[PDB]
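my_file_35.txt, holding compact mmCIF, N, CA and C atoms:
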# COMPACT_ATOMS: atom_id res chain seq x y z
N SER A 349 -7.87 -49.75 27.22
CA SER A 349 -7.91 -49.30 28.60
C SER A 349 -9.16 -48.47 28.86
N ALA A 350 -9.82 -48.73 29.99
CA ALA A 350 -11.05 -48.01 30.29
C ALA A 350 -10.79 -46.53 30.56
N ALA A 351 -9.67 -46.22 31.22
CA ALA A 351 -9.35 -44.82 31.48
C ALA A 351 -9.08 -44.06 30.19
N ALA A 352 -8.34 -44.67 29.26
CA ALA A 352 -8.12 -44.03 27.97
C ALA A 352 -9.42 -43.91 27.19
N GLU A 353 -10.31 -44.88 27.35
CA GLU A 353 -11.59 -44.82 26.65
C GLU A 353 -12.45 -43.68 27.17
N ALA A 354 -12.41 -43.43 28.48
CA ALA A 354 -13.15 -42.30 29.02
C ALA A 354 -12.54 -40.98 28.59
N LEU A 355 -11.21 -40.89 28.63
CA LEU A 355 -10.54 -39.65 28.27
C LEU A 355 -10.74 -39.31 26.80
N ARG A 356 -10.61 -40.29 25.91
CA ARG A 356 -10.77 -40.02 24.49
C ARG A 356 -12.15 -39.47 24.18
N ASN A 357 -13.18 -40.01 24.82
CA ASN A 357 -14.54 -39.57 24.55
C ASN A 357 -14.87 -38.23 25.17
N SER A 358 -14.40 -37.95 26.39
CA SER A 358 -14.80 -36.72 27.06
C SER A 358 -13.68 -35.69 27.17
N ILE A 359 -12.67 -35.76 26.32
CA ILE A 359 -11.55 -34.83 26.46
C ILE A 359 -11.82 -33.51 25.76
N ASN A 360 -12.58 -33.52 24.67
CA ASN A 360 -12.73 -32.35 23.81
C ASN A 360 -14.04 -31.65 24.13
N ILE A 361 -14.01 -30.80 25.14
CA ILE A 361 -15.16 -30.03 25.57
C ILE A 361 -14.75 -28.56 25.57
N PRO A 362 -15.27 -27.74 24.66
CA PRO A 362 -14.78 -26.37 24.56
C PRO A 362 -15.15 -25.58 25.81
N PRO A 363 -14.38 -24.56 26.14
CA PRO A 363 -14.67 -23.79 27.35
C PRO A 363 -15.89 -22.90 27.19
N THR A 364 -16.27 -22.28 28.29
CA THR A 364 -17.44 -21.41 28.35
C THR A 364 -17.03 -20.10 29.00
N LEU A 365 -17.51 -19.00 28.46
CA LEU A 365 -17.13 -17.67 28.91
C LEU A 365 -18.28 -17.02 29.65
N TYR A 366 -17.99 -16.45 30.81
CA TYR A 366 -18.99 -15.81 31.65
C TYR A 366 -18.61 -14.36 31.83
N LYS A 367 -19.28 -13.47 31.12
CA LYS A 367 -19.06 -12.05 31.27
C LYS A 367 -20.25 -11.47 32.01
N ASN A 368 -19.98 -10.66 33.02
CA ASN A 368 -21.05 -10.17 33.87
C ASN A 368 -21.79 -9.03 33.19
N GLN A 369 -22.83 -8.57 33.86
CA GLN A 369 -23.61 -7.45 33.37
C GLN A 369 -23.08 -6.14 33.94
N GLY A 370 -23.31 -5.06 33.22
CA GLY A 370 -22.78 -3.78 33.62
C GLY A 370 -21.34 -3.57 33.26
N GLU A 371 -20.72 -4.53 32.59
CA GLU A 371 -19.35 -4.40 32.13
C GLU A 371 -19.23 -3.33 31.06
N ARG A 372 -18.07 -2.70 31.01
CA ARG A 372 -17.78 -1.70 30.00
C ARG A 372 -17.12 -2.36 28.79
N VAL A 373 -17.56 -1.97 27.59
CA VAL A 373 -17.03 -2.54 26.36
C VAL A 373 -16.91 -1.43 25.32
N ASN A 374 -16.24 -1.74 24.21
CA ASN A 374 -16.16 -0.85 23.07
C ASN A 374 -16.75 -1.47 21.82
N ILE A 375 -16.99 -0.61 20.84
CA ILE A 375 -17.34 -0.98 19.48
C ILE A 375 -16.39 -0.21 18.58
N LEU A 376 -15.64 -0.91 17.74
CA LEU A 376 -14.65 -0.26 16.90
C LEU A 376 -15.22 -0.15 15.49
N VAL A 377 -15.70 1.04 15.14
CA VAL A 377 -16.47 1.24 13.91
C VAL A 377 -15.66 0.76 12.71
N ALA A 378 -16.22 -0.18 11.96
CA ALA A 378 -15.53 -0.81 10.85
C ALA A 378 -15.81 -0.17 9.50
N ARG A 379 -16.66 0.85 9.44
CA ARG A 379 -17.04 1.46 8.18
C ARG A 379 -17.44 2.90 8.43
N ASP A 380 -17.46 3.69 7.37
CA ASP A 380 -17.84 5.09 7.49
C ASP A 380 -19.35 5.21 7.64
N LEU A 381 -19.80 5.81 8.74
CA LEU A 381 -21.21 5.97 9.02
C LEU A 381 -21.64 7.39 8.66
N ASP A 382 -22.64 7.51 7.79
CA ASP A 382 -23.06 8.78 7.23
C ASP A 382 -24.41 9.19 7.80
N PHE A 383 -24.46 10.35 8.44
CA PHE A 383 -25.67 10.84 9.08
C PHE A 383 -26.25 12.05 8.37
N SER A 384 -26.09 12.14 7.05
CA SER A 384 -26.50 13.35 6.34
C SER A 384 -28.01 13.41 6.14
N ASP A 385 -28.66 12.26 6.04
CA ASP A 385 -30.09 12.21 5.74
C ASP A 385 -30.97 12.46 6.95
N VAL A 386 -30.43 12.40 8.16
CA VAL A 386 -31.27 12.37 9.34
C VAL A 386 -31.02 13.52 10.30
N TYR A 387 -30.01 14.35 10.08
CA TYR A 387 -29.77 15.53 10.90
C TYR A 387 -29.49 16.70 9.98
N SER A 388 -29.66 17.90 10.53
CA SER A 388 -29.20 19.11 9.87
C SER A 388 -28.98 20.16 10.93
N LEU A 389 -28.21 21.19 10.59
CA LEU A 389 -27.77 22.18 11.56
C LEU A 389 -28.43 23.52 11.30
N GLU A 390 -28.69 24.26 12.37
CA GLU A 390 -29.16 25.62 12.24
C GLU A 390 -28.63 26.44 13.40
N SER A 391 -28.47 27.73 13.18
CA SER A 391 -27.93 28.60 14.21
C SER A 391 -29.03 29.15 15.10
N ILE A 392 -28.78 29.13 16.40
CA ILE A 392 -29.71 29.69 17.38
C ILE A 392 -29.50 31.20 17.47
N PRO A 393 -30.54 31.99 17.21
CA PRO A 393 -30.37 33.45 17.22
C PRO A 393 -29.98 33.97 18.60
N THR A 394 -29.14 35.00 18.61
CA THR A 394 -28.62 35.55 19.85
C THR A 394 -29.74 36.12 20.71
N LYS A 395 -29.57 36.01 22.02
CA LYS A 395 -30.52 36.55 23.00
C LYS A 395 -31.93 36.03 22.78
N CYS B 17 -16.35 -27.43 41.58
CA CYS B 17 -15.17 -26.94 42.28
C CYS B 17 -15.06 -25.42 42.16
N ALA B 18 -15.08 -24.92 40.93
CA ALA B 18 -15.01 -23.50 40.65
C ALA B 18 -16.29 -23.05 39.96
N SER B 19 -16.86 -21.95 40.43
CA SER B 19 -18.09 -21.40 39.89
C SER B 19 -17.85 -19.96 39.46
N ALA B 20 -18.73 -19.47 38.60
CA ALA B 20 -18.55 -18.15 38.01
C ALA B 20 -18.65 -17.07 39.08
N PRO B 21 -17.81 -16.05 39.04
CA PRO B 21 -17.88 -15.00 40.05
C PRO B 21 -19.14 -14.16 39.92
N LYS B 22 -19.60 -13.69 41.05
CA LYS B 22 -20.71 -12.75 41.09
C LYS B 22 -20.18 -11.32 40.94
N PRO B 23 -20.97 -10.42 40.37
CA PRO B 23 -20.53 -9.03 40.29
C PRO B 23 -20.46 -8.42 41.67
N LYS B 24 -19.78 -7.28 41.76
CA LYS B 24 -19.60 -6.65 43.06
C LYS B 24 -20.94 -6.34 43.69
N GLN B 25 -21.09 -6.69 44.93
CA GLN B 25 -22.28 -6.30 45.67
C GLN B 25 -22.00 -5.04 46.46
N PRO B 26 -22.77 -3.97 46.26
CA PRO B 26 -22.49 -2.72 46.97
C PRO B 26 -22.66 -2.87 48.47
N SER B 27 -21.86 -2.11 49.21
CA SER B 27 -21.98 -2.09 50.66
C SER B 27 -23.26 -1.38 51.07
N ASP B 28 -23.85 -1.83 52.18
CA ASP B 28 -25.12 -1.29 52.67
C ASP B 28 -24.93 -0.36 53.85
N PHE B 29 -23.82 0.37 53.91
CA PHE B 29 -23.50 1.19 55.07
C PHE B 29 -23.82 2.66 54.86
N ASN B 30 -23.32 3.25 53.77
CA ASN B 30 -23.35 4.69 53.56
C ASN B 30 -24.64 5.10 52.84
N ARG B 31 -25.77 4.75 53.45
CA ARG B 31 -27.07 5.01 52.85
C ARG B 31 -27.42 6.48 53.03
N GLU B 32 -27.60 7.19 51.93
CA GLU B 32 -27.94 8.60 51.93
C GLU B 32 -29.02 8.86 50.89
N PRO B 33 -29.76 9.95 51.02
CA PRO B 33 -30.75 10.30 49.99
C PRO B 33 -30.10 10.51 48.64
N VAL B 34 -30.82 10.14 47.58
CA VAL B 34 -30.38 10.50 46.24
C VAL B 34 -30.65 11.97 45.97
N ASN B 35 -31.83 12.44 46.35
CA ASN B 35 -32.31 13.77 45.99
C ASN B 35 -31.88 14.77 47.05
N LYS B 36 -30.78 15.47 46.79
CA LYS B 36 -30.43 16.60 47.63
C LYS B 36 -31.29 17.81 47.31
N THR B 37 -31.65 17.99 46.05
CA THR B 37 -32.52 19.08 45.63
C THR B 37 -33.61 18.52 44.72
N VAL B 38 -34.78 19.14 44.80
CA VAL B 38 -35.91 18.74 43.96
C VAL B 38 -35.55 18.94 42.49
N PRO B 39 -35.81 17.98 41.61
CA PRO B 39 -35.44 18.16 40.21
C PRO B 39 -36.26 19.26 39.56
N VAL B 40 -35.73 19.80 38.47
CA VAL B 40 -36.49 20.77 37.69
C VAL B 40 -37.50 20.09 36.77
N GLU B 41 -37.35 18.79 36.52
CA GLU B 41 -38.30 18.09 35.66
C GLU B 41 -39.63 17.89 36.36
N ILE B 42 -39.64 17.96 37.69
CA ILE B 42 -40.87 17.93 38.47
C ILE B 42 -41.51 19.31 38.39
N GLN B 43 -40.72 20.30 37.94
CA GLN B 43 -41.10 21.71 37.95
C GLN B 43 -41.27 22.23 39.37
N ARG B 44 -40.26 21.99 40.19
CA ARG B 44 -40.18 22.59 41.52
C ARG B 44 -38.73 22.90 41.88
N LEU C 150 -75.52 -15.23 -28.25
CA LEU C 150 -75.79 -14.90 -26.86
C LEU C 150 -74.66 -14.08 -26.25
N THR C 151 -73.41 -14.46 -26.53
CA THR C 151 -72.24 -13.80 -25.95
C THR C 151 -71.30 -13.36 -27.05
N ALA C 152 -70.99 -12.07 -27.08
CA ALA C 152 -70.08 -11.53 -28.09
C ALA C 152 -68.64 -11.87 -27.73
N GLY C 153 -67.91 -12.41 -28.69
CA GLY C 153 -66.53 -12.79 -28.47
C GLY C 153 -66.38 -14.19 -27.89
N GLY C 177 3.89 -8.22 -12.70
CA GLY C 177 4.47 -9.40 -12.08
C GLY C 177 3.51 -10.18 -11.21
N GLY C 178 3.68 -11.50 -11.20
CA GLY C 178 2.80 -12.37 -10.45
C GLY C 178 3.45 -13.01 -9.24
N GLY C 179 4.45 -12.34 -8.69
CA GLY C 179 5.17 -12.85 -7.55
C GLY C 179 4.63 -12.32 -6.24
N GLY C 180 5.42 -12.54 -5.19
CA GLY C 180 5.03 -12.15 -3.85
C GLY C 180 3.81 -12.91 -3.39
N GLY C 181 3.78 -14.22 -3.63
CA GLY C 181 2.56 -14.98 -3.43
C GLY C 181 2.02 -14.89 -2.02
N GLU C 182 2.90 -15.02 -1.03
CA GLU C 182 2.45 -15.03 0.36
C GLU C 182 2.24 -13.62 0.88
N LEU C 183 3.25 -12.77 0.74
CA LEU C 183 3.13 -11.40 1.22
C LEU C 183 2.04 -10.63 0.49
N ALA C 184 1.98 -10.69 -0.84
CA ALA C 184 0.98 -9.90 -1.54
C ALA C 184 -0.40 -10.50 -1.42
N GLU C 185 -0.51 -11.74 -0.99
CA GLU C 185 -1.79 -12.29 -0.60
C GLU C 185 -2.21 -11.82 0.78
N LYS C 186 -1.25 -11.52 1.64
CA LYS C 186 -1.56 -10.96 2.95
C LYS C 186 -1.88 -9.48 2.89
N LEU C 187 -1.58 -8.81 1.78
CA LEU C 187 -1.82 -7.39 1.61
C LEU C 187 -3.06 -7.10 0.78
N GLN C 188 -3.89 -8.09 0.52
CA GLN C 188 -5.13 -7.85 -0.20
C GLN C 188 -6.05 -7.01 0.67
N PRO C 189 -6.56 -5.89 0.17
CA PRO C 189 -7.32 -4.98 1.02
C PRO C 189 -8.63 -5.58 1.47
N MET C 190 -9.09 -5.12 2.62
CA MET C 190 -10.43 -5.41 3.10
C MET C 190 -11.20 -4.11 3.05
N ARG C 191 -12.15 -4.01 2.13
CA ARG C 191 -12.92 -2.79 1.91
C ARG C 191 -14.34 -3.03 2.37
N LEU C 192 -14.71 -2.40 3.48
CA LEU C 192 -16.04 -2.55 4.05
C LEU C 192 -16.87 -1.34 3.69
N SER C 193 -18.03 -1.59 3.09
CA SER C 193 -18.86 -0.51 2.56
C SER C 193 -19.55 0.25 3.67
N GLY C 194 -19.60 1.56 3.53
CA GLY C 194 -20.14 2.41 4.57
C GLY C 194 -21.63 2.22 4.75
N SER C 195 -22.18 3.01 5.67
CA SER C 195 -23.58 2.93 6.03
C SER C 195 -24.19 4.31 6.09
N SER C 196 -25.51 4.37 5.94
CA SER C 196 -26.25 5.62 5.97
C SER C 196 -27.37 5.51 6.99
N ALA C 197 -27.48 6.51 7.85
CA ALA C 197 -28.45 6.46 8.93
C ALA C 197 -29.85 6.68 8.39
N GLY C 198 -30.81 5.94 8.95
CA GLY C 198 -32.21 6.11 8.66
C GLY C 198 -32.97 6.67 9.84
N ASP D 248 22.61 7.59 -7.82
CA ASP D 248 23.39 8.32 -6.84
C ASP D 248 23.33 7.65 -5.48
N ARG D 249 24.06 8.22 -4.53
CA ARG D 249 24.10 7.66 -3.19
C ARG D 249 22.96 8.20 -2.36
N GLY D 250 22.44 7.37 -1.48
CA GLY D 250 21.24 7.70 -0.77
C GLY D 250 19.97 7.27 -1.44
N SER D 251 20.05 6.67 -2.62
CA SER D 251 18.87 6.09 -3.25
C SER D 251 18.26 5.06 -2.32
N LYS D 252 16.94 4.95 -2.36
CA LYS D 252 16.23 4.04 -1.48
C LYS D 252 15.78 2.83 -2.27
N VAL D 253 16.12 1.65 -1.79
CA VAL D 253 15.77 0.40 -2.45
C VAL D 253 14.72 -0.29 -1.61
N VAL D 254 13.76 -0.94 -2.25
CA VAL D 254 12.66 -1.60 -1.57
C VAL D 254 12.65 -3.06 -1.98
N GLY D 255 12.47 -3.95 -1.01
CA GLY D 255 12.51 -5.37 -1.29
C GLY D 255 11.44 -6.11 -0.54
N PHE D 256 11.53 -7.43 -0.47
CA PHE D 256 10.61 -8.22 0.33
C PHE D 256 11.13 -9.64 0.42
N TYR D 257 10.63 -10.36 1.41
CA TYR D 257 10.92 -11.77 1.57
C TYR D 257 9.64 -12.49 1.95
N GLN D 258 9.70 -13.82 1.94
CA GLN D 258 8.55 -14.62 2.33
C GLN D 258 8.99 -16.07 2.44
N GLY D 259 8.15 -16.87 3.09
CA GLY D 259 8.37 -18.28 3.17
C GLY D 259 9.21 -18.74 4.33
N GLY D 260 9.84 -17.83 5.05
CA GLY D 260 10.60 -18.23 6.20
C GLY D 260 11.77 -19.11 5.83
N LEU D 261 12.32 -19.75 6.85
CA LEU D 261 13.46 -20.63 6.71
C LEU D 261 13.03 -22.06 6.93
N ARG D 262 13.78 -22.98 6.34
CA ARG D 262 13.67 -24.40 6.66
C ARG D 262 14.74 -24.73 7.69
N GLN D 263 14.85 -26.00 8.04
CA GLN D 263 15.88 -26.37 8.99
C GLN D 263 17.19 -26.61 8.27
N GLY D 264 18.27 -26.16 8.87
CA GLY D 264 19.56 -26.18 8.23
C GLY D 264 19.88 -24.96 7.41
N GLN D 265 18.94 -24.04 7.23
CA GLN D 265 19.16 -22.83 6.47
C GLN D 265 19.40 -21.66 7.42
N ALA D 266 20.44 -20.89 7.14
CA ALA D 266 20.74 -19.71 7.92
C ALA D 266 20.74 -18.44 7.09
N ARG D 267 20.15 -18.47 5.90
CA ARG D 267 20.03 -17.32 5.02
C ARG D 267 18.66 -17.31 4.40
N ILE D 268 18.07 -16.12 4.29
CA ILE D 268 16.74 -15.93 3.73
C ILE D 268 16.89 -15.21 2.39
N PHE D 269 16.07 -15.59 1.42
CA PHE D 269 16.15 -15.01 0.09
C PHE D 269 15.39 -13.70 0.05
N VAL D 270 16.12 -12.60 -0.14
CA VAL D 270 15.54 -11.27 -0.26
C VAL D 270 15.60 -10.86 -1.72
N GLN D 271 14.49 -10.36 -2.24
CA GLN D 271 14.43 -9.82 -3.59
C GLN D 271 14.19 -8.33 -3.51
N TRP D 272 15.06 -7.54 -4.13
CA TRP D 272 14.90 -6.10 -4.15
C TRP D 272 14.13 -5.71 -5.40
N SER D 273 13.14 -4.85 -5.23
CA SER D 273 12.13 -4.59 -6.25
C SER D 273 12.31 -3.28 -6.99
N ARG D 274 12.53 -2.18 -6.29
CA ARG D 274 12.52 -0.89 -6.93
C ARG D 274 13.57 -0.04 -6.26
N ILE D 275 14.03 0.99 -6.95
CA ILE D 275 14.99 1.93 -6.39
C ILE D 275 14.65 3.33 -6.85
N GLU D 276 14.77 4.29 -5.95
CA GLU D 276 14.40 5.67 -6.18
C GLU D 276 15.58 6.59 -5.94
N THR D 277 16.10 7.13 -6.98
CA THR D 277 17.18 8.09 -6.96
C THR D 277 16.75 9.36 -6.22
N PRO D 278 17.67 10.02 -5.51
CA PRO D 278 17.31 11.24 -4.79
C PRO D 278 16.80 12.36 -5.68
N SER D 279 16.82 12.18 -6.99
CA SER D 279 16.33 13.15 -7.94
C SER D 279 15.05 12.71 -8.63
N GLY D 280 14.48 11.58 -8.22
CA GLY D 280 13.21 11.15 -8.73
C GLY D 280 13.23 10.03 -9.73
N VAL D 281 14.39 9.51 -10.08
CA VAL D 281 14.45 8.44 -11.06
C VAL D 281 13.98 7.16 -10.39
N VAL D 282 13.28 6.33 -11.13
CA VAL D 282 12.73 5.09 -10.60
C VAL D 282 12.97 3.98 -11.61
N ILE D 283 13.67 2.93 -11.19
CA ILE D 283 13.91 1.79 -12.07
C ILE D 283 13.58 0.51 -11.34
N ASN D 284 12.85 -0.37 -12.02
CA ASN D 284 12.39 -1.63 -11.44
C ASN D 284 13.47 -2.68 -11.64
N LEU D 285 14.40 -2.75 -10.70
CA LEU D 285 15.36 -3.84 -10.66
C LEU D 285 14.81 -4.92 -9.75
N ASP D 286 14.61 -6.12 -10.29
CA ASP D 286 14.12 -7.25 -9.50
C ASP D 286 15.28 -8.22 -9.37
N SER D 287 16.10 -7.99 -8.36
CA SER D 287 17.42 -8.58 -8.27
C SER D 287 17.57 -9.31 -6.95
N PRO D 288 18.37 -10.36 -6.90
CA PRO D 288 18.61 -11.03 -5.63
C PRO D 288 19.37 -10.13 -4.67
N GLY D 289 18.99 -10.20 -3.41
CA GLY D 289 19.74 -9.54 -2.36
C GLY D 289 20.72 -10.52 -1.75
N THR D 290 21.96 -10.08 -1.61
CA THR D 290 23.04 -10.93 -1.16
C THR D 290 23.66 -10.32 0.09
N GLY D 291 24.71 -10.94 0.60
CA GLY D 291 25.43 -10.39 1.71
C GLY D 291 26.52 -9.46 1.25
N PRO D 292 27.39 -9.07 2.18
CA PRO D 292 28.43 -8.10 1.83
C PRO D 292 29.40 -8.60 0.78
N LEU D 293 29.54 -9.91 0.62
CA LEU D 293 30.45 -10.50 -0.35
C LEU D 293 29.72 -11.31 -1.41
N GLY D 294 28.46 -11.01 -1.66
CA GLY D 294 27.75 -11.63 -2.74
C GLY D 294 27.21 -13.01 -2.47
N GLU D 295 27.17 -13.45 -1.22
CA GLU D 295 26.62 -14.76 -0.93
C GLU D 295 25.10 -14.68 -0.86
N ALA D 296 24.44 -15.68 -1.43
CA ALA D 296 23.03 -15.57 -1.75
C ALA D 296 22.17 -15.46 -0.51
N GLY D 297 21.25 -14.50 -0.51
CA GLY D 297 20.35 -14.29 0.59
C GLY D 297 20.99 -13.50 1.72

Would you mind giving the structure from this file in structure tokens?
Amino acid sequence: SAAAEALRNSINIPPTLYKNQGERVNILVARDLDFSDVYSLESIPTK
Amino acid sequence: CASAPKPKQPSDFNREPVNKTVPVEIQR
Amino acid sequence: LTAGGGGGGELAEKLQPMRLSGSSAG
Amino acid sequence: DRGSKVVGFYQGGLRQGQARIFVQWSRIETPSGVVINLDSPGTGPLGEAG
């Protein structure tokens, strides 16, 4: 059947996702991030 | 038939200045 | 010129840890 | 003693025609700290399997 022949060939087309710009998202940190080498702390003297 | 939505377009009615006061980064 | 126990197959396979190694900032 | 906590597990789900799941009990902890590894079938209130 021609209709079945068209369907079999063009049936499997994965969808497409459209996410706009300016959207809010998260990042869920998957590992321990160590900032010891790049920052250090010091106290600001009073007044 | 169906097309991707556009992001919100802001209304063009309540147009006001951004700068109520001169910034300090201009040093004024 | 020139010189010179062994069980729990499904459950204990689902409990295998995922250990992701940390990172250090540069 | 009474109040001991027993720990078990199951897996594999059920097939069709089965209305009982095989539970195996693994360890038991006496309220005083005793621990014995009993790996025993779990049954119903009258000893029917699973």

Could you give me, as a Markdown table, every segment 362-382 of chain A residue with an atom at most 6.5 Å from segment 152-194 of chain C, plus its closest atom pair and distance in Å to one decimal, counting only N, CA and C atoms, rows ordered by chain then number?
| residue | atom | partner | partner_atom | distance |
| --- | --- | --- | --- | --- |
| A:378 | C | C:192 | CA | 6.0 |
| A:379 | C | C:194 | CA | 4.7 |
| A:380 | N | C:194 | CA | 4.1 |
| A:381 | N | C:194 | CA | 5.4 |
| A:382 | N | C:194 | C | 6.2 |

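Rounded to one decimal, atom CA of residue 391 of chain A and atom CA of residue 195 of chain C lie 27.3 Å from each other.
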
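Note that atom CA of residue 284 of chain D and atom N of residue 269 of chain D are 19.3 Å apart.
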
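Straight-line separation from atom CA of residue 43 of chain B to atom CA of residue 394 of chain A: 26.0 Å.
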
Could you pull out the alpha helix (DSSP H) residues of chain C from DSSP and send them as a list in words? residues 183, 184, 185 and 186 of chain C

Closest of A:374, A:388, A:368, A:349 to chain B, counting all atoms listed in the file, is A:368
